[PDB]
Amino acid sequence: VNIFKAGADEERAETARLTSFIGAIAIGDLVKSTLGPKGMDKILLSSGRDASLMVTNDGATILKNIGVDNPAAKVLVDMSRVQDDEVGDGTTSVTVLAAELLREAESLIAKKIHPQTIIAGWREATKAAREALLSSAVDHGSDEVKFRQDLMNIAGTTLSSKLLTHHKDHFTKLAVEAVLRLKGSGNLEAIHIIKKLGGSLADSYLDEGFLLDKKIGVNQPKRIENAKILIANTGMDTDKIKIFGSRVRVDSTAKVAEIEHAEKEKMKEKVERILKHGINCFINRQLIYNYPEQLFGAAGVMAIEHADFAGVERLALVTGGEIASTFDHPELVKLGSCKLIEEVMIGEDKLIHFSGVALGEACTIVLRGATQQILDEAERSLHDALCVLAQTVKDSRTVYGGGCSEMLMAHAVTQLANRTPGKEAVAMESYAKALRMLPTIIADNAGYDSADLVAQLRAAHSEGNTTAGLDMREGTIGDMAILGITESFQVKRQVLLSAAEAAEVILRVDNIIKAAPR
Amino acid sequence: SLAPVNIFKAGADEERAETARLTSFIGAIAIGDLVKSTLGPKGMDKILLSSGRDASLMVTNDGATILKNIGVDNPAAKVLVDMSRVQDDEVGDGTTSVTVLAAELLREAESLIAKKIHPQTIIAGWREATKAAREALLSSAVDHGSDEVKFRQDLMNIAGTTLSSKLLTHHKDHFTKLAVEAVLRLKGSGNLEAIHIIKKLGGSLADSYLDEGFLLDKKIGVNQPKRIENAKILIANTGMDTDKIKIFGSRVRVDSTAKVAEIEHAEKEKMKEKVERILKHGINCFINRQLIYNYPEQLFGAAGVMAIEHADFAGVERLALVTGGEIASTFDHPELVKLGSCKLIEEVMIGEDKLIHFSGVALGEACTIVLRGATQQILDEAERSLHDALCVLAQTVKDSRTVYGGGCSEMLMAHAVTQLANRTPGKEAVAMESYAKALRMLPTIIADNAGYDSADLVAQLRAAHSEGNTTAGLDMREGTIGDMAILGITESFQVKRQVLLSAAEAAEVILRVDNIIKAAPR
Amino acid sequence: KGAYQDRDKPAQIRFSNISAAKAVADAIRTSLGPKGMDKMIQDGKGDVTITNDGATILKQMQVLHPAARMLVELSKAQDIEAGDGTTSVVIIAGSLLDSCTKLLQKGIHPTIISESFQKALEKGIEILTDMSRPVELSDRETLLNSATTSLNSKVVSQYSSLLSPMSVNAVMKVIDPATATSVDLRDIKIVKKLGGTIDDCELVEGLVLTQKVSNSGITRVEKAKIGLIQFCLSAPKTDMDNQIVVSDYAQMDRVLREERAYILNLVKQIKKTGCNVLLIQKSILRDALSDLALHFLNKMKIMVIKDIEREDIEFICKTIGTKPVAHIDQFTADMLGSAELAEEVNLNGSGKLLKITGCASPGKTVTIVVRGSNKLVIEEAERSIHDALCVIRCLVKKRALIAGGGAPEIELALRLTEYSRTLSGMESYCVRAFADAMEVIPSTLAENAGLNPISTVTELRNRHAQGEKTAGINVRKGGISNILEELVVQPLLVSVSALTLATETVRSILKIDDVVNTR
Ligand SMILES: Nc1ncnc2c1ncn2[C@@H]1O[C@H](COP(=O)(O)OP(=O)(O)O)[C@@H](O)[C@H]1O
Ligand SMILES: Nc1ncnc2c1ncn2[C@@H]1O[C@H](COP(=O)(O)OP(=O)(O)O)[C@@H](O)[C@H]1O
Ligand SMILES: Nc1ncnc2c1ncn2[C@@H]1O[C@H](COP(=O)(O)OP(=O)(O)O)[C@@H](O)[C@H]1O
Ligand SMILES: [Mg+2]
Ligand SMILES: [Mg+2]
Ligand SMILES: [Mg+2]
């Protein structure tokens, strides 16, 4: 007898894990074609309204854009998005590793092994692998030149799997420089990425100051030397007295004429109070109406209308001023400083160029490609590189990439498995196989002999050479210490832990109950 | 072909990529998983229920009828089903094993292709591996036949091991010898049609027996005697109902009714003359192939001779085999026709029916087996299992070479494939290793059906065969590793060779398709 | 710590099969014993039946589940082998499948359950065989008691005084109780005609025909000389194509004269043998009777009967003693049956029958004619009489007799539970489940009779534990008492076959682990 609903169903057997495994493997196979320096990106086309088209390489936006149906696919997409939020890298890596973990899981359950046995084996294996990765982590930060070289290597390895690889030598350092302007503040919003079409992608440059996409007023000057910027968050509009319930109730036209004259005079006195600070520039958050603009033009200052919260925050960071709202006491927290406020033209548009800024705490990156999709992909991948660089500035521990860290931690898992009895050992062996399946995939997407390369790496790591990985520009087994394929320790640790946790949570379901759709 | 022009038809499609091999592999693996749960002595049989006319229902364990009855749509599944049917036709059993082994081979092939290895490499590696397995199985194929008692014990063991995976295992010790006896009555003639299996409801399955004579499900005449001692049976294939002159265009054209009366009297006279010519043979039991009308029935009754009417071609051939008679159509020379002889042709009641019982037959060349179960499905399954046992026994009588069962023979040829793979370079070695793994999967499935530690038992057998013990296999009664010579789990060598070769060749032909093109349906 | 058995599909299939079998069992569970009432089946077409036979109930009720089909086939197989107990067998099968679903819930492999069930079967056969007593034929009392016990649970129970003695007379008048070892029920011809009441059923040692006499001038013949005819009494015609050409005016008169002379010659040849009534076989392709032939036969003061089926000629010959005649020259008095009387009987305006009584060579054949108000009661009376005949057949087959009224299965349940208490292991639970799974028959005997089932079964177990065997449920007394004193017995073959077939069917069902829907 059926009891649920019309449209509600239950899969309480091998069918449930069949659906979960096939969905996770579909996610893994879709994401798999975008790993390594030789990975190839994808086109996302919307069948709905506006037919949005986006060319992308990373797995986070690929998985979040598509509409997944299988709940396991939803689990993988959520894990990828969470991992992108946490660090900003390895979303494709974590999704692929989870997919291979589930594949080895179904292979094991074919051999009639209880899922909790696999769970215990995986817990022990991930503990050992995390311990080995932590033991193999190299650290810097005390050094200055060595840490800068490490940052350059991290940017290179993060940016080599994307389109900017075509000009990687130009871009990596640029990204590093941007992070070097943050001065340790974990504020990625201090970085502005302005994307304008036209010209090769090698024309992109990190500005030596700031760029604002706003407009000068009518009568204000359009160039200043030795700027004294005051940044404000005042009204400058009609500017109601804010006492709700106030109205003019008079008996003549002279009275209302006098009241409007008083309103204009109070606005004039507010502008005079602003000018008393000793300024030649003024940046406001919301609109500036016609009378304050006229007064500013007459006085001889420069005013900016409608610079949003992000704009004023970035100007405050790059110039050093405070966000003013009340100008009663000009002697309190002071202004900012620059050296030129020239208007500079890019493409066909004009932007305000703050040069000679007092502080480098914020900056702008100009992205200029030949196609809007190229601009979007460059922006997303540059965001990933900046995220990783900021994360490794916060925590300078690094581990070698190219599969070397994966190979060594898989070797540790294998060594632990060899000394553990029972059916746990095969679970840990499957864990190690799934973990080693990543460099296999990188070589496959590259197009080399994956089996030979992986066997060579296994032999080299078992011997003791703990810095061996895939040299992809030639396709052999090289030394990541000499070559310089580094990676953030935080990124790899988060990838491992998140993938293992998602595999564990998915594997222990034996019943899927779907309610009737709305 | 995904090109922005479509050329095939409104209904025809093409899969010219990994999609085609994906569909073929998933279909083949689905068929293999369907058959997988019916292996070993611990396998459990399945229900086949119709969705239409008469709603036919059958309980069966062998995979041949399972694959024949269900309607497959994937072309790879069609290849597997035809494989199973051909293998059933060739020997009689191993359909489940051949389907399972081909499915496991294709699963290993998909796992290999996942590692980006060209399919022709897998095909060449499997050709070499199956050559090595053929050589190993032939080398290990022990032979008997010079001895008498050893060959009969081998026959009993083969019948027991072939019948152990079906329902009849519940009375194995009673049935196997039965099957053996049946084949031993054929005197080496590979004519399974000499075995007639009469199925009647009622009574436990242990009440089945092989008769000491022949049973015929026909009727005696009206005035004929119902019991004859020391008969001289004459078997005929005459009409003797109306006897048309067989000259078309002949008619009576007379001017009076008395002429017609005389002509019809002459017709009855020629009927009487033919019956008298038949009786001149000196007989007391007459067996016909088609009907005997009332006048010849009356003539036979007056004479005092039995007359069996409307026995089909199979009936007259089986009576000729079991009694020694000669199929006759003319009776001009009674001295040239040889008449069969029996001892008693009385009537015996079984279930609720009466049958003619030829007892004390002159020759045992043919025989009948009475199956009496509790349910029509039980009767059908018993008949199918007995047919498989008889087919295997006849095959091993034709070719006495035997190999040890229980997983020993397949383990040893898998070990030979492994030894071959360990000395070959290149990507063919991994293909040979996959072949060995797929071949070793069969005892794994047997243990899985039984409910034992498949990995531990398979590792034990791998070690035993690698060390040098080539007569080790699975002991099901306790689930351990035992010596098949002592247990006597024999099997026909031809059956195993056929399974191996057919599975290998069909896997090879399926593995090398990269385009499935479906024309629009009717 | 063991195989994971990931696939739960086989367990679900087994539970579904067990549930369907239990549903079929307890659907007809209310039709057991002398207080269980019969069902009414109205099939898709405009046909209705009122039946208490378990086999017919299960056949007419077109079931869908494969296990239900297995159970209906089991019931028909038990009907074939025994003929009575076709309800108790399906009840037992469903009940012990219901018992074994709990075992499946306890983590016991189906093969172990099946083997333990077979062992319990082997023990129960011995228990039942030892419990019985030998029986000797030609003892009217035991035969009558067995027939009455068979008929009690049927609609004709109130007529058991008139149906049991005739039911045993029918069997005793076919076989020789010296060396029979079986009985052929084909020669017990049952003829049904509408009208009258059940109390007018009759047994005749002669022959009963549903045909009508061609000539309505003679209907009663005394000292009749019956003779079968297999040739046609019409104008002669050869097997090959026949044509008569006429080229003169005298040819027409001549051909008519020859036809008349030939017919009259045939009729005179028939008459000169002393034949008193004629039985003409039904001959398609040639009118066995012509107007001229019937005219001549009626002129010679004879009785003529036509349209006799080819399948009844053996029955007629075995009954009255005639021999088939397919040629006129072979028609003589040496092969001509004789009877004391031939009559055309009218059943008070509800049809007509032919009765041949007083055959000078009484063969091993009798006939039963049944009377009833509507068709349904007539069909049910036929089924009940057939069940009584099958009971006598089983008693003839093997000579052994056991008590009824729940005594055999309850005593077997005891002896088997103390047998299980000696087989400690994994199979002890399965054997105990088999032992306690056949308490269903006494429980339902108590329930359908209006007694309290729990207390009745408890008292039954206690009284058979005290050695007071042959104790069971009495519905006349309304309690529990000795059964042989109540004159309720049944042949051992019934119960033994029921148990064996039920156990075999369950052992076969328990081996299923998948279902596939063929095209
Ligand atoms: N130039 C390179 N040489 C060798 N290995 C690399 C290189 N670039 C990336 N990898 C490896 O490829 C894996 C995935 O890289 P990538 O595609 O950049 O991940 P994501 O798409 O999350 O940025 C990383 O674990 C890294 O070790
Ligand atoms: N009692 C047994 N012990 C061990 N192995 C057995 C036993 N009976 C059968 N087998 C093995 O099971 C295999 C499959 O046989 P079966 O299940 O009858 O299907 P098929 O005969 O179609 O392959 C055979 O190869 C045989 O060696
Ligand atoms: N007079 C009676 N008193 C007690 N029990 C009876 C009596 N008559 C029959 N029974 C019981 O009823 C059971 C079922 O008999 P019945 O219903 O006639 O056949 P079936 O089981 O085929 O329906 C028998 O096992 C018998 O023991
Ligand atoms: Mg990266
Ligand atoms: Mg077999
Ligand atoms: Mg009864």
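Residues numbered from 1 in each chain as written, not as in the entry; some residues may be left out. Chains lettered and ligands numbered in written order. Part of a larger assembly, values for the part shown. Heavy atoms only, no water.

As stated in the entry header, the method of structure determination is cryo-EM and the reported resolution is 3.24 Å.

Counting from both sides, the interface comprises five residues of chain B and, opposite them, six residues of chain A. Summed over both partners, the interface of chain B with chain A comes to about 370 Å²; 33% of that surface belongs to carbon and sulfur atoms. When the area that chain B buries against chain A is broken down by residue, the three leading residues are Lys116(B), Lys427(B) and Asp448(B), summing to 68%. Residue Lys112(A) is joined to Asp448(B) by a salt bridge in which the shortest nitrogen-to-oxygen separation is 3.0 Å. The interface formed by chain B and chain A holds one residue pair in polar contact in total. Here the side of chain B that touches chain A is composed, by residue class, of no nonpolar, no polar and five charged. (Contact = heavy atoms within 4.5 Å. Buried area = accessible area lost by both parts, 1.4 Å probe. Salt bridge = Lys/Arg side-chain N within 4 Å of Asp/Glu carboxyl O. Polar contact = N/O pair within 3.5 Å; in protein donor to acceptor, adjacent residues only side chain to side chain. Nonpolar A, V, L, I, M, F, W, Y, C, P; charged D, E, K, R; others polar.)

Moving on: a positive patch on the surface. Residues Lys111(A), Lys433(A), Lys115(B), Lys437(B) and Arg462(B) make up a contiguous surface patch of positive charge. Structurally, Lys437(B) is set in helix α13 (residues 428–450). We classify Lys437(B) as partly exposed; its relative accessible area is 39%. (Patch = residues over 30% accessible without salt bridge, like charges linked within 9 Å, V, L, I, M, F, W, Y side chains within 5 Å. Areas by Shrake-Rupley, 256 points an atom, 1.4 Å probe, with all protein chains shown as cover. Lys, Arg positive; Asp, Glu negative; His and termini not counted. Charge placed at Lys NZ, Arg CZ, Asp CG, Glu CD. Helix = DSSP H or I, 4+ residues; strand = E, 2+ residues; numbered from the N terminus. Buried < 20%, exposed > 50% of the residue type's maximum accessible area, 1.4 Å probe, protein only.)

Another aspect to go through is the environment of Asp9(A). All names here are of chain A. Looking at the element boundaries, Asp-9 is found in strand β1 (residues 9–11). A relative accessible area of 34% means that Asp-9 is categorised as partly exposed. As for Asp-9 and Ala-516, which are separated by 507 residues in sequence, their C-alpha atoms are 7.9 Å apart. Ignoring any residue separated from it by four or fewer positions in sequence, one finds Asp-9 in contact with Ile-512, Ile-513 and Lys-514.

What follows covers the pattern of salt bridges. Residue and element names in this part refer to chain A. The full count for this structure, using the stated rule, is 61 salt bridges over all chains. For the salt bridge of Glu-377 with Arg-380, the shortest nitrogen-to-oxygen distance reads 2.9 Å. On the criterion of helical spacing, the pair formed by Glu-377 and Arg-380 is a turn pair, its members being three residues apart in helix α11 (residues 372–394). Taken individually, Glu-377 and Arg-380 each receive the classification buried, so the pair is uniform in this respect.

The next point concerns the UniProt feature "binding site: ADP" in chain B. All names here are of chain B. The sites that UniProt annotates as "binding site: ADP" are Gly-40, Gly-94, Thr-95, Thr-96, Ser-97, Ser-164, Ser-165, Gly-406, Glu-491 and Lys-496. Mapped onto the fold, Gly-406 is located in the loop between β16 (401–404) and α12 (408–421). Residue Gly-406 is classed as partly exposed on the basis of its relative accessible area of 24%. Excluding residues within four positions of it along the chain, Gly-406 makes contact with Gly-473, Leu-474, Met-484 and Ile-489. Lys-496 sits in the buried class, given a relative accessible area of 9%. With residues near it in sequence (within four places) discarded, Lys-496 still touches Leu-137, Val-403, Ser-409 and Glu-491. Within the local environment of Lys-496, its side chain forms a polar contact with the side chain of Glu-491, the two groups lying 2.5 Å apart. (UniProt positions renumbered as here; feature names shortened; annotations may be inferred.)

Moving on: the interface of chain B and chain C. If you look at the interface, chain B gives 68 residues, while chain C gives 67 residues. Summing the contributions of chain B and of chain C, the shared interface buries around 6000 Å²; its carbon and sulfur component is 57%. Between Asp513(C) and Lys46(B) there is a salt bridge; the shortest N-O distance is 3.9 Å. The tally of links between chain B and chain C comes to 23 residue pairs in polar contact. The set of elements that each furnish at least two residues to the side of chain B that touches chain C consists of β2 (46–49), β3 (57–60), β9 (252–254), α8 (257–279), α9 (294–303), β14 (353–359) and α11 (376–398) of chain B. Per-class residue counts for the side of chain B that touches chain C are 24 nonpolar, 27 polar and 17 charged.

So, about the site of ligand 3. Residue and element names in this part refer to chain C. Near ligand 3 there are 19 residues, and of these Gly-85, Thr-86, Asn-152, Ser-153 and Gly-405 occur at the shortest range. Within the side chain of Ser-153, one N or O atom sits 2.3 Å away from an oxygen atom of ligand 3. Taken by itself ligand 3 offers 560 Å² of open surface, and the protein chains cover 92% of this. Elements that contribute at least two residues to the shell around ligand 3 include exactly α4 (86–105) and α6 (140–152). The residue makeup of the shell around ligand 3, split by class, is five nonpolar, 13 polar and one charged. Built from parts of two domains, the shell around ligand 3 gets at least three residues from each of domain 1 (10–135 + 400–519) and domain 2 (136–202 + 365–399). (Near = heavy atom within 4 Å. Domains from an automatic or database assignment.)

Residue and element names in this part refer to chain B. Sheet architecture is open: four strands sit in the order β11-β10-β8-β12, paired in mixed fashion. Edge positions in the sheet fall to β11 (306–308) and β12 (340–341), since each has one partner strand and no second. Pairing analysis gives three bridges linking strand β8 (residues 232–235) to strand β10 (residues 285–287), with the strands arranged parallel. Looking at the pairing, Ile-235 lines up with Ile-287 of β10. (Pairing = 2+ DSSP bridges.)

Scanning the entire structure with this criterion turns up five aromatic pairs over all chains. Centre to centre, the rings of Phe282(A) and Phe296(A) are 5.0 Å apart; their planes meet at 40°, and the pair counts as tilted. Of this pair, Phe282(A) sits in strand β8 (residues 281–283) while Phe296(A) sits in helix α9 (residues 290–299); the two residues are 14 residues apart in sequence, bridging distant segments of the chain. A single burial state applies to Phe282(A) and to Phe296(A), both of which are buried. Taking NZ or CZ as reference, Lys264(A) lies 5.2 Å from the ring centre of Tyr291(A), over its face. Above the face of the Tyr295(B) ring, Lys268(B) is positioned so that its terminal group lies 5.3 Å from the ring centre. (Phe/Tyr/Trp six-rings, centres within 6.5 Å; stacked < 30°, edge-to-face > 60°. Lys NZ or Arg CZ within 6 Å of the ring centre and 35° of its normal.)

The protein atoms that coordinate the magnesium ion (ligand 6) are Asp84(C) (OD) and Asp84(C) (OD), at distances spanning 2.0 to 2.4 Å. Relative to the helices and strands, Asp84(C) resides in the loop between α3 (66–81) and α4. (Donors = N, O, S within 2.8 Å, 3.2 Å for Na, K, Ca; no water.)

Below, the discussion takes up the packing of helix α5 (residues 119–140) of chain B against α13(B). Residues and elements named next belong to chain B. Put simply, α5 and α13 touch, their axes get as near as 8 Å, and they point 60° apart. Comparing the axis directions of α5 and α13 gives the class oblique. α5 and α13 meet at a crossing whose hand is right-handed. Residues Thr-121, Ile-122, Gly-125, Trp-126, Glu-128, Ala-129 and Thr-130 of α5 touch α13, and the partners they reach there are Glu-428, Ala-431, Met-432, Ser-434 and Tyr-435. (Axes fitted to C-alpha atoms, helices over the stretch in contact; angles between N-to-C directions. Parallel < 35°, antiparallel > 145°, perpendicular 65-115°, else oblique. Left-handed = near helix turned anticlockwise from the far one by under 90°.)

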